[PDB]
């Protein structure tokens, strides 16, 4: 199958089952990463190198005043990637108890989290002209093709000048594959690039994550604006 419309039988249930699944996940790094908490550092260190080139290389350098963490969970990325690099961070996640745990997990530096938004991305509108970086990691599989394109268009309008959107997520070898366990899909590169294009975004950089276990989906980062 080549689209979510071909693999999702019931859209209302696709979303309701996903919300149920994460409501039942322990609010921990290993819970966020499906038992691969031990590779969080490998992930974060690679993301930081990917991101830092946009924050330090001009002309038209990306700014560091505010970032948005989408599907942020308990704040694994907010804690170790975003808060050290941005003066303020907003978080949005559908699971309220993860945002509650984030207040504890993030500690003293979490005081610089400006907004905690409890909302599904498909229902979320980031404020216009607000974010230098919008980070979307391991959650795009929870939106339909159409809702993903529409959300990315809203994100584009929330970027400050020189801002970027970063997508980091699992990529399927071919087609669009439904995971009936957590109620998410995985898409191949051509599908994702097509959705990015439909949202009016340009691809600035693309990089495959190295040093991951051989058994898991390949992971790619895309920088967009």
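Numbering follows the first chain given and starts at 1.
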Practice prompt. Could you check which stretch, 66-74 or 173-181, carries the larger mean CA temperature factor in the entry?
Written response: 173-181
Practice prompt. Look up the CA B-factors in the entry and say which stretch, 82-90 or 140-148, has the higher mean.
Written response: 140-148
Worksheet item: Checking the entry, which one of 164, 167, 55, 189 has the top C-alpha B factor?
Response: 189
Discussion item. Could you place residue 51 in the lowest, middle or highest third of its chain by Cα temperature factor, using the values in the record?
Written reply: lowest
Worksheet, complete the sentence: Chain thirds by Cα B factor, record data; residue 199 belongs to the highest
Worksheet item: If you rank the chain by CA B-factor, which third does residue 21 end up in: lowest, middle or highest?
Response: lowest
Fill in: CA B-factor placement of residue 224, once the chain's modelled residues are sorted into thirds
middle
Practice prompt. Comparing against every modelled residue in the chain, figure out the third that the C-alpha B-factor of residue 34 lands in (lowest, middle or highest).
Written response: middle
